[PDB]
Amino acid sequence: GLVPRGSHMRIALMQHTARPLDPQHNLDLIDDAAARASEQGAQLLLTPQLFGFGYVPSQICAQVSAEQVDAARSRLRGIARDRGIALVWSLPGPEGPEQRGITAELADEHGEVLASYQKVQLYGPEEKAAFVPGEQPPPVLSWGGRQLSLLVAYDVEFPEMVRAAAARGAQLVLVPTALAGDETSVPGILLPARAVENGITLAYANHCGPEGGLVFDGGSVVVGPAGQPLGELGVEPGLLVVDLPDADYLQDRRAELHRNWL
């Protein structure tokens, strides 16, 4: 509907089912979403974890080459530019299959890659066998008038990962994910706390429906600093569009002691 008059930020989250090992199908879905989000006045689209090749870690390790990942990455840079919308995607990283991790990248509407991040907290034995964990803290960068940051999936369930972003100035944390198994506690209990305990907004974009032997939960959501859903989806495919509004835990935490007690 009409954008708020001021200077403001409208984001979109793509929730959909990917087909394993079919990047032309999955990237076409991303392109469709990018066009629809831009038409609705969104300035950025967040898409889910490993959407381009499907959430199939062992198959990605066995079957998807670095040249194939690069071809999908160039296509995605192309969609950000061609649809004139900033885009956050998540693919395998650019190294060989035995060296790369799971990453998220943000390209601006000119297609320039502003930030790349490698998932630090791999989930379960198949991810750990298929991917190398990241060793770097989450990036934080100005975009659209706020400080954005990236994390991936299981990362957000650790308070330490969100705090690492908020410590570097993050105000809006964008999280591609792939969560199955009817795990309501992640978006229902953990996400609202990560928002409140840092005073930030988080956007969480999941797959939904049957894919690669799992049934994904959907439940994509944007949670504001009071832990309230600003918008949310259920279990069906959908494009969530949200207008964002413009204790001091982050000052008060005794970080020099906390660091010694983890």
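Residue numbers here begin at 1 and follow the sequence given.
Asks: Between residues given as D246 and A247, how many of the deposited sequence are not built: none, 1 to 3, 4 to 9, or 10 or more?
Replies: 4 to 9 residues are missing.
Asks: Determine, for stretches 198-206 and 24-32, which one has the higher mean CA B-factor as deposited.
Replies: Of 24-32 and 198-206, the stretch with the higher C-alpha B-factor average is 24-32.
Asks: Tell me which stretch, 158-166 or 121-129, has the higher mean Cα B-factor listed in the entry.
Replies: Between 121-129 and 158-166, it is 121-129.
Asks: Take the CA temperature factors straight from the PDB entry and tell me which of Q43, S220, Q49, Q63 peaks.
Replies: Result of the comparison over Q43, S220, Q49, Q63: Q63.
Asks: Tell me which of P92, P192, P138, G84 tops the list for C-alpha B factor in the record.
Replies: Answer for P92, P192, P138, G84: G84, with the highest C-alpha B-factor.
Asks: Can you work out whether the C-alpha temperature factor of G145 puts it in the lowest, middle or highest third of the chain?
Replies: CA B-factor rank for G145: highest third.
Asks: Looking at the C-alpha B-factor of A12, is it in the lowest, middle or highest third of its chain?
Replies: According to the entry, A12 has a C-alpha B-factor in the chain's lowest third.
Asks: Consider only the C-alpha atoms of the modelled residues in this chain, order them by B-factor as the entry records it, and name the third containing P187: lowest, middle or highest.
Replies: It falls in the middle third of the chain.
Asks: Test of reading the entry: by CA B factor among the chain's modelled residues, which third contains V56?
Replies: For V56, the deposited C-alpha B-factor lands in the lowest third.
Asks: Once the chain's modelled residues are ordered by C-alpha B factor and cut into thirds, is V152 in the lowest, middle or highest one?
Replies: CA B-factor rank for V152: lowest third.
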